[PDB]
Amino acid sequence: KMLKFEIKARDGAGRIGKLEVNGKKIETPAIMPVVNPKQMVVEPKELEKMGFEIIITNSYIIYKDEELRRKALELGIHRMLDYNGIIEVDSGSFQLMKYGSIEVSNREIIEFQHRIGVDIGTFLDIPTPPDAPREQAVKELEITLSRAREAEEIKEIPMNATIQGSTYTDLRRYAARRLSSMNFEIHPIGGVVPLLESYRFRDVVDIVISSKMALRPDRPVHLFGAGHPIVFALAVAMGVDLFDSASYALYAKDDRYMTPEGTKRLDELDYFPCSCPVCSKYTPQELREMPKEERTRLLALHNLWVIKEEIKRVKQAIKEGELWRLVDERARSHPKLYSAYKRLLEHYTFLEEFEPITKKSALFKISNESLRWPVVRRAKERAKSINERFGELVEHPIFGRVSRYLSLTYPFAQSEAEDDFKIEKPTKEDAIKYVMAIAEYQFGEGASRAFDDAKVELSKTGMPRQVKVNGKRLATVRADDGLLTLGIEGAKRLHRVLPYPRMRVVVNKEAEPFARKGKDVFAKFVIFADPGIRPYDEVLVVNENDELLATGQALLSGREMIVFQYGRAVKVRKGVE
């Protein structure tokens, strides 16, 4: 295909990804500034310098304008806007939502998008407003799906296959389920702009998640209209990958000032709570008296900086497994948004499938909501089993009482609350009892049998490290998180002790030789994997005959490993050869 997309880092149902469109590579989450064909508040050439590798414009507005049209047909949007990154373009659907009708056929704008050398296109999907009559939502959804099919047969460039269905979650699941079967590269989530403008974030959350539940996990998700910093953290935590903002410009023309926590009127500002190129050298008292053109141009730039800045913040958060903490923080920005944050944590089932097994950061109890974070409810249940068998419970700030044997392990030992948690180191006689517990906790039921007869080496400190058995190393407890890193010799033991498909990732006959030699496993070569597998889990690489080929760490979840056709499914530690 013409669009590649692979996962590089994650946290929550969120992910930092590498997206390649016909040669142009971009890193997501990304926000594409909306540029107006006529009044370009900020020249595309400048957005380019600022670091925006993807922008978006209106095919329709251009199509309907004498000059714009001739220019686009004459030089293509790229030369016309003098921008060289990814130029996405919209169909006019938004105009179709605002005005109820539009003077162009679904076939016409698609053809036109091709004639002007657009990078990514969009067909005339119908944005059913929120709360609209169920009949209308259904009728309009079929016309949408209808045009989708057409677009699928005439498209020669990458395209947006927008998910509609107004406020009915079953319709979103349907729309997403069907569009995912077709050949489209990116999946926007439409019809939410009205909700965003009404601060009805809880509805946006329900709408987004129902769509994410039914979409193929391997295609980018774009949240149409979401162009205000205030939702970036939350949306990304949900799995949104792309945003488009016109607000940075529209607000500027209205002397309105963006902030990661909301918006402020220029006239209500006494100070500039920012340090961007604009705010670091100008004052509100000054801005206020400058020409309207200079005032807009300046607020525009600032708004873009704030946008660029939160996105950067979100990504750095993901890189350190602290996305939830950031969401929690941004949740205090507004009642409605707090409501939405609480709502998002209810979807534990959805969020748990992708929630990493281990993070670089520590579990911070920084609110009541943090007690409902995915990593907490999961660590709780997996624990029940262990505690009842190993007893010797100890007190825990966050979890309450957790066996002293899981106390050196994430998230229990790698967490902090109001009161410091006192880790309980092993004793020469204890050692193994730990590894057994951890094994049982990390690998599931029965997993301890693979280590019973093992000797545990303790470090200069009372810490479990090398887990050996008459000869070589089975595993090793990681200092950074108290979980086990498998040695080929331990993978073998786990492999025989646990029944297939447990911990397994089945690979191509073609991939086989590579695993054996130790190379990492790429998703496209994965034919099947244990559904229970979560990101960063220890994994048993195997062939269709369940023959151990190598052992490593997963980057995707069992299900993703199957769907994905790009990226690495497994980082391999050691191969059998």
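The first residue of the sequence shown is number 1, and the count goes up from there.
Do the CA atoms of 206-214 or those of 325-333 have the higher mean B-factor in the entry?
In the deposited entry, the stretch with the higher C-alpha B-factor mean is 206-214.
Stretch exceeding the other in mean C-alpha B-factor - 80-88, 414-422
Per the deposited B-factors, the answer is 414-422.
Tell me, please, which of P374, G471, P499, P158 has the highest C-alpha B factor according to the deposited entry?
Of the candidates given, the C-alpha B-factor peaks at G471.
For the C-alpha B-factor as written in the entry, point me to the maximum among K98, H222, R313, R256.
Result of the comparison over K98, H222, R313, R256: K98.
Would you please rank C274 by its C-alpha temperature factor against the other modelled residues of its chain and give the third it falls in: lowest, middle or highest?
Bottom third by C-alpha B-factor.
By the record's CA B-factor, is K38 among the lowest, middle or highest third of residues in the chain?
CA B-factor rank for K38: highest third.
Compare the C-alpha B factor of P44 with those of the other modelled residues in its chain, then answer lowest, middle or highest third.
Answer is middle: the recorded C-alpha B-factor places it there.
Which third, lowest, middle or highest, does the CA B-factor of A317 fall in along this chain?
For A317, whose C-alpha B-factor we compare with every modelled residue in the chain, the answer is the lowest third.
In terms of the CA temperature factor given in the entry, to which third of its chain does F528 belong: lowest, middle or highest?
CA B-factor rank for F528: middle third.
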